[PDB]
Amino acid sequence: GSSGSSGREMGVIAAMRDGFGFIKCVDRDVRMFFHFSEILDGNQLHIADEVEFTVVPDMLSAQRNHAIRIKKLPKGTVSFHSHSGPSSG
């Protein structure tokens, strides 16, 4: 409760590689490379798990956007129609 942080985006996990993963935004068609350090929020993410992050273009690197303090959102808050890709493999 020190600084005010507004403007958070939600997305579904597209990958959880051993060490990292991806978060497909509902509005954007690109993943958001994240680290297994912001998930400290408390929640074992999983394939297709809604999450909330502030994200920022940074100040020093004046570039790249990373998701900080990753908090898994409950079922109900997020929701959006998505397509499926039926094809073994």
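We now turn to the structure provided with this report. (Residues numbered from 1 in each chain as written, not as in the entry; some residues may be left out. Heavy atoms only, no water.)

**As for the sheet that holds strand 1 (residues 9-15)**
Then, number 1: Read across the sheet, four strands follow the order 2-1-3-4 without closing on themselves; strand pairing throughout is antiparallel. Every interior strand has two partners, whereas the edge strands, strand 2 (22-25) and strand 4 (71-72), have only one.
Then, number 2: Pairing geometry for strand 1 and strand 2, over four bridges, is antiparallel. Bridge assignment links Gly11 to a residue of strand 2, and that residue is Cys25. (Pairing = 2+ DSSP bridges. Helix = DSSP H or I, 4+ residues; strand = E, 2+ residues; numbered from the N terminus.)

**Points about the side chain of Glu52**
Then, number 1: Within the element layout of this structure, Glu52 appears in strand 3 (residues 51-53).
Then, number 2: Overall, the relative accessible area of 16% leaves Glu52 in the buried class.
Then, number 3: A polar contact of 3.2 Å, which involves the side chain of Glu52, links it to the side chain of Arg8.
Then, number 4: Once you skip the residues sitting within four places of it in the chain, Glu52 turns out to touch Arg8, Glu9, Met10, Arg69, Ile70, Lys71 and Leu73. (Buried < 20%, exposed > 50% of the residue type's maximum accessible area, 1.4 Å probe, protein only. Polar contact = N/O pair within 3.5 Å; in protein donor to acceptor, adjacent residues only side chain to side chain. Contact = heavy atoms within 4.5 Å.)

**Observations concerning the pattern of salt bridges**
Then, number 1: A full pass over the atoms with the stated rule returns two salt bridges.
Then, number 2: Taking the shortest distance from any N to any O, the salt bridge between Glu52 and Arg8 comes out at 3.2 Å. Placement of the pair is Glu52 in strand 3 and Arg8 in the segment before strand 1, with a sequence separation of 44 residues.
Then, number 3: Across the pair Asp49 and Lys72 runs a salt bridge, and its minimum N-O distance is 3.9 Å. On the criterion of sequence distance, the pair formed by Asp49 in the loop between strand 2 and strand 3 and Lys72 in strand 4 is long-range, its members being 23 residues apart. (Salt bridge = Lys/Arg side-chain N within 4 Å of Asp/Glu carboxyl O.)

**As for the environment of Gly4**
Then, number 1: Its location among the elements puts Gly4 in the segment before strand 1.
Then, number 2: Of the residues examined, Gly4 reaches a relative accessible area of 82% and is grouped as exposed.
Then, number 3: It is 26 Å that separates the C-alpha atoms of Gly4 and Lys75, two residues lying 71 residues apart in sequence.

**Overview of the nonpolar core**
Then, number 1: Judged by nonpolar contacts, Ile13, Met16, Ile23, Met32, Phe34, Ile39, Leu45, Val51, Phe53, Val55, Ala67 and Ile70 together constitute the single largest core of 12 residues.
Then, number 2: In contact with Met16, other than residues within four places in its own chain, are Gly21, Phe34, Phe36, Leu45, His46 and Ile47. (Core = buried A, V, L, I, M, F, W, Y, C linked by side-chain atoms within 4.5 Å.)

**Here's the deal with unusual backbone geometry**
Then, number 1: Positive phi is not limited to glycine here, since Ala48 has a value of about 80 degrees.
Then, number 2: Of note, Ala48 is situated in the loop between strand 2 and strand 3.
Then, number 3: Residue classification places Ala48 among the exposed residues on the basis of a relative accessible area of 54%.
Then, number 4: In this structure, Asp58 takes a positive phi of about 70 degrees despite not being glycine.
Then, number 5: Locating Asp58 in the fold gives a position in the loop between strand 3 and strand 4.
Then, number 6: Assessed through its relative accessible area of 27%, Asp58 is described here as partly exposed.

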